[PDB]
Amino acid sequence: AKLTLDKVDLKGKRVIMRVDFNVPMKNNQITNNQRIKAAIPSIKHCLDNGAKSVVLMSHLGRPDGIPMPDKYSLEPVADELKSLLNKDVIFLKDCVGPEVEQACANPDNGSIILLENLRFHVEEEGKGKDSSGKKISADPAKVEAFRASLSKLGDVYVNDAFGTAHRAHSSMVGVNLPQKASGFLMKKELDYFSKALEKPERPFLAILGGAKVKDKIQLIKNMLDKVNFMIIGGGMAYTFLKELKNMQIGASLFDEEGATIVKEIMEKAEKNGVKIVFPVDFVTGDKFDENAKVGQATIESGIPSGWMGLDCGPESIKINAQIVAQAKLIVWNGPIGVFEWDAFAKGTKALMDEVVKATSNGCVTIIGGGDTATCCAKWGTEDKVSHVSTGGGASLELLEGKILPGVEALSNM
């Protein structure tokens, strides 16, 4: 329901665009330009649609409100963008100030400008850390002076940075322009999560994985008000199993605090006519380590002392397959085993295999931006599923029922 890039007339207008350029980079090298490739459609569309200019702002790393051009500069990204675009980019040493305003006042037609790391200013995030790592706070008055500067730099504002739309930062909620719209990536993020929330197709399956239960209560609860089925994997499972199946979980992880909301969750599951499924057998390790001895266990046998459950097993994979294959909409957030290690990634991979199969068969599949979005990368299925969120933190909040400021800041119609 929010304004989008292709619905705005960018004829002869300057465009201030907030994009995701937080790329892994060691020594100003950039070890994965993926996120930079991703923003090109939006920028291209602006040039191709008559934009006088396009001003790009972003952040990279953890400078926490201190300019740090030596390790978190966007400069290496600015000329990496030139390569990818086969067009020169003008890098500005800062993101605000007199120089930055003149440079973007009335640029030559079609020029592309990239401002320095926004987080070099404590006003962007609204918080920070000084020379000794201690937390400092931005002055609400300087924050608004910073935002007044950023707004001048453009005539139309475009947010194509979903990954930080769950945080009301300056670049996200502070640009005051008549039209604030979603970029092509952002638009896609919204288009799909809108599906899994406004009026989902059924059967709607929610696969929730992860380590602790305490920080998934909201996500679990909000999903129970919408889905038909729900699978819970990952370390969480052991908390529910010990509490619902009197299972000896050995030395597996256990969320003591979350264990007290279990019965509250199962209630929710019942009032909403949903039946959660958990593993039934497990792949174990004699220690939380990649090359640990691998063993097997079931709910009945439980994990031996010392050992711990690290991935679901053969019967769990089968049950999972059956349920995945009967869904029209699947939302997957969180692997169901320690995917970082192959000895215990089988369950997660099998699930991926099945989910990809569901996409081919008409099922819309949505993946969380965190640990799950990287799984598609490690196994090239980023183009075999309906959607892979480009932002873990934001997708989690969206799926939790929380308000995403960056989004509500966008214009309507």
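A residue's number is simply how far along the shown sequence it sits, counting from 1.
Chemist: Taking the mean of the C-alpha B-factors per stretch from the entry, tell me the winner out of 357 to 365 and 342 to 350.
Modeler: Result: 357 to 365.
Chemist: Output the stretch having the higher mean C-alpha B factor in the entry; the candidates are 133 to 141 and 333 to 341.
Modeler: So the stretch with the higher mean C-alpha B-factor is 133 to 141.
Chemist: What's the residue among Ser149, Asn228, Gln248, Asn159 with the greatest CA temperature factor in the PDB record?
Modeler: Spelled out: the listed residue with the top C-alpha B-factor is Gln248.
Chemist: Just the C-alpha B-factor column, please: which of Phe288, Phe120, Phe204, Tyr238 has the biggest number?
Modeler: Across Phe288, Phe120, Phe204, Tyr238, the entry lists the biggest C-alpha B-factor for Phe288.
Chemist: When the deposited Cα B-factors of this chain's modelled residues are ordered and cut into thirds, is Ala1 in the lowest, the middle or the highest one?
Modeler: Within its chain, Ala1 is a highest-third residue by C-alpha B-factor, going by the deposited values.
Chemist: Would you check the entry's CA temperature factor for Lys402 and let me know if it's in the chain's lowest, middle or highest third?
Modeler: It falls in the bottom third of the chain.
Chemist: Based on the deposited C-alpha B factors for this chain, I'd like to know if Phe282 is in the lowest, middle or highest third.
Modeler: As the PDB entry reports it, the C-alpha B-factor of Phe282 lands in the middle third of its chain.
Chemist: Sorting the chain's modelled residues by C-alpha B-factor, tell me whether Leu185 ends up in the lowest, middle or highest third.
Modeler: As the PDB entry reports it, the C-alpha B-factor of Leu185 lands in the lowest third of its chain.
Chemist: Comparing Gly61 with the other modelled residues of its chain, is its CA B-factor in the lowest, middle or highest third?
Modeler: Middle third.
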